[PDB]
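Chemist: Experimental structure and sequence below.
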Amino acid sequence: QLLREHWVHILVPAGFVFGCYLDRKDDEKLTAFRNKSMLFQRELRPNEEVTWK
Amino acid sequence: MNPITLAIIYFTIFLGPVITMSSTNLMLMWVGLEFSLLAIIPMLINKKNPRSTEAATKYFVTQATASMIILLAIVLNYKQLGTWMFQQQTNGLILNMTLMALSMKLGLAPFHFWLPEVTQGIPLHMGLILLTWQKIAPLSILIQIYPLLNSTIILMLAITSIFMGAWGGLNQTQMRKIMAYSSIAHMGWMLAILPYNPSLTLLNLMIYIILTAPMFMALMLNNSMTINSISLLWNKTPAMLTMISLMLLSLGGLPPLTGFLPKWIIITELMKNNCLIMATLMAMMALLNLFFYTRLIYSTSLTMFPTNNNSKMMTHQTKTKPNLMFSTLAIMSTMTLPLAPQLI
Amino acid sequence: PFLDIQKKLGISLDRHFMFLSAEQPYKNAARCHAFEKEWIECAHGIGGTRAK
Amino acid sequence: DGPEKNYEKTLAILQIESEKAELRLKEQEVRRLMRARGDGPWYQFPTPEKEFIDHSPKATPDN
Amino acid sequence: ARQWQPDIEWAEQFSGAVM
Amino acid sequence: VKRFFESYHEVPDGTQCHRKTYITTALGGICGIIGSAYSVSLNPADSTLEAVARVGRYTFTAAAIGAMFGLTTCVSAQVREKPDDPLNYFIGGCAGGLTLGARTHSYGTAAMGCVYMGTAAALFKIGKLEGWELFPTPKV
Amino acid sequence: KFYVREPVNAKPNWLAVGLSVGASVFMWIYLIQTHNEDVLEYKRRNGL
Amino acid sequence: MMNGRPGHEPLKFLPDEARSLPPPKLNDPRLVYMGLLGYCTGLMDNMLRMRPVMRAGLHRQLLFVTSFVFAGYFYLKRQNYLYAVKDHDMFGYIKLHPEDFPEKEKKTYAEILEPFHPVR
Amino acid sequence: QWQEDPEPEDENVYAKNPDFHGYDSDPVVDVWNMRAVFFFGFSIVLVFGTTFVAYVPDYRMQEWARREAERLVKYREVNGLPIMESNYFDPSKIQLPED
Amino acid sequence: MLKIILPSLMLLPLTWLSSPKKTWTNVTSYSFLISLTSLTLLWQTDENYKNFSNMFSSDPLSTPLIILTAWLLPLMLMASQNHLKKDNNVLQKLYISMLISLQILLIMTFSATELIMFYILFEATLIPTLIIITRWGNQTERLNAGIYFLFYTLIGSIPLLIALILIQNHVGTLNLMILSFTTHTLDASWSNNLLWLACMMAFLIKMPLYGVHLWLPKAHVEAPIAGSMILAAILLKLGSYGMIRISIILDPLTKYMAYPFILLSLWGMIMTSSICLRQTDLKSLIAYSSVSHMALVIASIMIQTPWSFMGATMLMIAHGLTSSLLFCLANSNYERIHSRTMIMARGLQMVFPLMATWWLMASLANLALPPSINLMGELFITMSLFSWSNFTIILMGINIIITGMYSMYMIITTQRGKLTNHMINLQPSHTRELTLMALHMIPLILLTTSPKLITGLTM
């Protein structure tokens, strides 16, 4: 626990994880047309509850 | 001064505009303007030297005539309609006389020749008050009657203020005059849009205040009144260069800083009403307004000037001057663009 | 106004002697009291551009 | 994930921005009409207060 | 060889009251 | 009278060269009188005769600017028949700038004023032609 | 080293520390409480 | 411009109409941005008075953060109420005056004919 | 004169620390900067990026397009159809104006 | 994209919190890692472009610029490591912060969907660049150079703000996905031609055009090094990207509003390559070569054809890499002689045999060597210009000749010949400044190996 000058290596990976989480939150925010586009518009399989999350 | 006198004078300065707002009677608005006039002079003239006497005389003589013209307008309106409020269906001559007198009160060009002189002839404080607290109530008068105003000379006064402020501040070594010409240009930006969505006038006013007050404090912290005096800042107070740079580059409207927001949304609300090419002219002369800010922050920050041998005592000794609101006002400026929809 | 403090508090410091038809000291009608009253009662609820 | 995800995300963004553009033009036309005629809540410029009129019996009949 | 910082003939051109 | 200066646009360019000419000359003389007033109030002369000489110089200068501008405009519209063409106004503005460089003995000012006045006058004709409104009324 | 001139900020102002800490605590408590009440009232007014 | 709106109570921060709006999350991006503003404000106040940065005024930094967030929450609630008032008045106005906003319907690209501009 | 320090004459490095790498004056920071730069610049970036990029499938739909084209010309030339007709939209669902 | 820019933001804490002796290594390694993470948006298995949110997007045009902007930060960072080594540590960290801010803003530009986000970031980039040029440049005309660079760009950009405001008030959104699907053709009025000019004379200031390029040599000569890197590699491309994005809402005016600028680009490209042919300052030689090369991209975008846009993207990335390489190569000699004149040191390749290979390969890239993404770009835009008019090749060949000439002459009179025996201070080399040229030149080889990435919208 002594002489933590290497603690600062956690910031940039934290930035990566946080940005991934934020993109995940955004495309959760945009879960319209999820299966209502004229190109795919598939019928859900008996086990799947969502098409692409 | 003594404490009772200071209490009296500062309370009168607070009540001048506060009377001018909470007053439907235009006569009481005039009363508030006269309070501000009467109470500012003891503090412009507190040092008792020829520069201060001249500044106070010029301020008094320039503001009294405008007060009398506003009173002429009010008396004519009362004669016309038997009411102490500018209705619609008044006379355009009355309204224009009022607007010209208020322009003389603020400092707008071509009624601008008194503001740089007066701001030069007084301390750093009472330039701050003169440029911030004394612009508000005169603006309140216009804000309350914005549909009655002529879109023509409102814009001519604006454009003239922009041009003259830029071309004045271009060649001033004294900072008390640079801030005055900045005031003139910003009041031009305000009064251009004042007949169009007057909330943006108050937006630009608050932005201008939040910029200028920290700047005047920066000049206070070493009694800086010259480019060659603010250039000796990397040796005295070298932690202020960052904020001074960002606030000057805000005053000259640049994008990521919140000083581009007023110009941007003002041009927006003018382009919505087909004031295209006047807005283009103003936007383009704002660059000439920015040039001397760039030169200034060159002089102080980027190409650090020669210092003196006696400036090392300043390094030994300590300071207590930053008032904990310098940081706040400088950080709400320079960094509050993404909150622009919460500002408008 | 700009800062409608009087409405926020209910007081009337100066908004009771704005126009002619407003409570002279002893009840002496100012001339054109009827006309100003009529104009003001027609231009109420409406604002400005339509009352003009 | 796949192409379906981005396809339908794009469709959502497109309807968002189209609705926003239409709302902006609607706001502009509405402000135009509201200022041209004070038929609405905005741009309702004030008038003299009606409550500070004295309706009492005066000193003269022909008030 | 060294970074150029200003000198007196540079700093004096901001001392004429009108520029 | 505003009608006298609005009569510049009742018939197109290439027609009534004299009317447009001394209309524009009167306009330039007006603006020169304004400039002389501002140049005599601020920065006065050592004597009223010097001041009046300054006023006459400014005024007849601006009158020459306007005269050559209007002449050149209606000429280059008369020649090369194209009234709806801002290049005529550009050429007239260049003549104005060259006169400014004649009365004020400088070729730099001549070319400067040529370019600037020409662009300004072309933009003026584009505004008159497309329906641009300086000093608009609030509509939103 | 040991200053010949004892500086004013040599010992803290425990009053200011306590006032600021209590202000922050009160601010956060009142903020979470008002947020809870406002969410509850939104769900009440607008139904569900 | 909406100061003449009916029911506009003067100098009222949050009318009871705003209590029907959904409030912020308290995790909102601009609120944590205001917290960042307050943190940087404390850091700048330390740098200006020749104090250690990130180490000196941990009550002052906390106070700045709390002030910024505790003001931004309510100011943002107000601004959301105001934008809601805007949209409400606008939708009500198009409902009142439908003739000025006609129910338009547009054609397809098969029926209309836009001109072709060859590059070449 | 105006009391400035003089022009510092040119220094040579490799007199001190002849294993100098260009990064720092400490012999250990030189090593641990060149090692990190070489590693994180070549060994992972220029290699794993190259592999990741080489193994992107159907970049902008190139293999798929050729495959679809193969089956489509197969269909069109088996059925004797006009290969790649002269109009993408049929006039059966277009309405021109008269005159 | 958020995952690319948030780490770039947290690199600033990594600068200011890391100890003075572990503040270059960590930030450089992590910047390489950002450059790595910025390769996922090459995953374009489908024709539909990538939209992560209303804020950010990514296309086959934006993505190469993104990756290059991420790549050039480590190179900036190590090239700026031998100078300002005797500077104060706070000053170092301030430099690193300026460069990281440039990176973040430029990625936000290239990823943007709206034009106003693009505008505010395109004009926010001026502040770090001005600071780098003026505070860390060595000469005294850096101030005038920063003034030129700032005010040229602002004078260009303000009409762009007005035109974008007009477009927003007309359409409603000012977003790029929609302005392509709803672009009514223009009446061909003087007002619409002024609109075209306003939209274009902010980028043409920056590409730049031959009428207005004087800001570019003044800044390249006096930007310390990394300013020259960025200002040659991506800040000129910020105008190319912008023109390609804005030219969709300006048809058919480009069929005749383009003639002056195609023409000026071609003739001034010959003029600037001639200036290159006879020049005392090497960092100005590179500058005028950059003008000559960007003029072809101006002409290509003005022609608005598929081959043309393709070759424009190719030449954009290729010129960026090779010009940054040439700037680093000249700085390698400036750090010993402290003079930009080329005839002073004119006999190397004795002491610097390996560095003289990077010189050679950079010059062969600067000129049109065929197996390389430079000649691909030049050749495809030349084919475009020929399809435009069969008489442009008369100009393009003259420039081809001059571009062989000044490059080979630069090589000769900077390396080949009698050594300056009076130069004891010609230190042999640094592994750092060899790795710079390696990291510049290996991507050129690899892009040449797989150039299906270095195309754009039309391929």
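Modeler: That came through fine. Residues are numbered from 1 along each chain as shown, chains lettered A, B, ... in the order given.
Chemist: Number of residues surrounding the residue of chain I found nearest chain C?
Modeler: Per C-beta to the nearest C-beta, residue I:97 is where chain I lies closest to chain C, at 45.0 Å. Placement of C-beta: from N, CA and C, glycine included. Residue I:97 has 7 neighbours, counted by other C-beta atoms under 10 Å in any protein chain shown.
Chemist: now it: how far from residue B:148?
Modeler: Residue I:97 sits 52 Å away from residue B:148, going by C-beta to C-beta, to the nearest Å.
Chemist: Could you grab the helix/strand/coil label for the residue nearest to the residue of chain I closest to chain C when sequence neighbours are not counted?
Modeler: For residue I:97, ignoring the flanking residues on the chain, the nearest one in space by C-beta to C-beta, 6 or more residues apart in numbering or on different chains is residue H:113 at 6.6 Å. Classification of residue H:113 by DSSP: H, G, I helix; E, B strand; the rest coil places it in coil.
Chemist: now swap in the one 3 residues further on and tell me
Modeler: Here residue H:116 is recorded as coil under three-state DSSP.
Chemist: Let me know how buried it is, in neighbour terms.
Modeler: For residue H:116, the count of nearby residues is 7 (other C-beta under 10 Å).
Chemist: again, but for residue E:12
Modeler: Around residue E:12 there are 11 residues (other C-beta under 10 Å).
Chemist: Which single residue of chain F approaches chain A most closely?
Modeler: For chain F, C-beta to the nearest C-beta, closest residue to chain A: residue F:140, 32.9 Å.
Chemist: Would you mind pointing out the helix or strand the most centrally placed residue in chain G falls in?
Modeler: By C-alpha atoms, centre = their mean, chain G has its centre lying nearest to residue G:24, at 0.6 Å. Using DSSP states H and E, residue G:24 sits in helix G:14-45.
Chemist: is that helix up against chain B anywhere?
Modeler: No - Helix G:14-45 stays clear of chain B (C-beta under 8 Å from any C-beta of the partner chain), getting no nearer than 11.9 Å.
Chemist: and that helix, which residues are buried?
Modeler: Using 16 or more other C-beta atoms under 10 Å in any protein chain shown as the test for burial, helix G:14-45 gives G:20, G:23-24, G:27, G:31, G:35, G:38.
Chemist: Which members of the residues you listed are the farthest-apart pair?
Modeler: G:20 and G:38 (26.3 Å; C-beta to C-beta).
Chemist: interface residues of chain D facing chain F?
Modeler: D:28, D:31-32, D:35-36.
Chemist: need the longest helix for chain I.
Modeler: helix I:63-78 (DSSP state H).
Chemist: My error: substitute chain H in the last question.
Modeler: Every helix in chain H considered (DSSP H), the longest is helix H:58-96.
Chemist: helices and strands around it, which ones?
Modeler: Applying 3 or more C-beta pairs under 8 Å, 6 or more residues apart in numbering or on different chains; DSSP states H and E, we find helix H:58-96 packed against helix D:3-36, helix G:14-45, helix H:29-48.
Chemist: And the residue of chain A that's closest to chain J?
Modeler: Nearest residue of chain A to chain J (C-beta to the nearest C-beta) works out as residue A:19 at 3.3 Å.
Chemist: and residue A:51, that one's in a helix?
Modeler: No - looking at residue A:51 with three-state DSSP, it is coil, so not inside a helix.
Chemist: With adjacent residues omitted, what lies nearest to it?
Modeler: residue A:35 (4.8 Å).
Chemist: same thing with residue F:32?
Modeler: residue F:62 (3.2 Å).
Chemist: ok, now residue J:221?
Modeler: residue J:283 (5.0 Å).
Chemist: Can you give me every residue that contacts that neighbour?
Modeler: By C-beta atoms under 8 Å, 6 or more residues apart in numbering or on different chains, the residues touching residue J:283 are J:220-221, J:228, J:327, J:330, J:334, J:340.
Chemist: Also residue B:323?
Modeler: Neighbouring residues of residue B:323 by C-beta under 8 Å, 6+ apart: residue B:217.
Chemist: returning to that earlier point: mind checking if the longest helix of chain I is in reach of chain D?
Modeler: No - using C-beta under 8 Å from any C-beta, helix I:63-78 stays clear of chain D, coming no nearer than 11.2 Å.
Chemist: Contacts for that helix next, please.
Modeler: Here helix I:63-78 makes contact (C-beta under 8 Å, 6+ apart) with I:57-58, I:81-84.
Chemist: could you redo the last one with a cut-off of 6 Å?
Modeler: I:58, I:83 (C-beta atoms under 6 Å, 6 or more residues apart in numbering or on different chains).
Chemist: Centre of the chain to the one helix or strand residue J:298 maps to, how far?
Modeler: For residue J:298, the element it lies in under DSSP H and E is helix J:282-303. Distance of helix J:282-303 from the chain centroid (C-alpha atoms, centre = their mean, to the nearest Å) equals 10 Å.
Chemist: Ok, stretch D:53-63 next?
Modeler: Worked out by C-alpha atoms, centre = their mean, stretch D:53-63 lies 41 Å from the chain centre.
Chemist: buried stuff in that stretch?
Modeler: Buried, per 16+ other C-beta under 10 Å, within stretch D:53-63: D:53-54, D:58, D:63.
Chemist: Restricting to the residues you listed, which residues neighbour chain C?
Modeler: D:53-54, D:58, D:63 (C-beta under 6 Å from any C-beta of the partner chain).
Chemist: ok, which pair from these is furthest apart?
Modeler: Spatially, the most separated pair among these is D:53 and D:58, at 11.9 Å (C-beta to C-beta).
Chemist: Determine the longest helix present in chain C.
Modeler: From DSSP H, the single longest helix across chain C is helix C:33-42.
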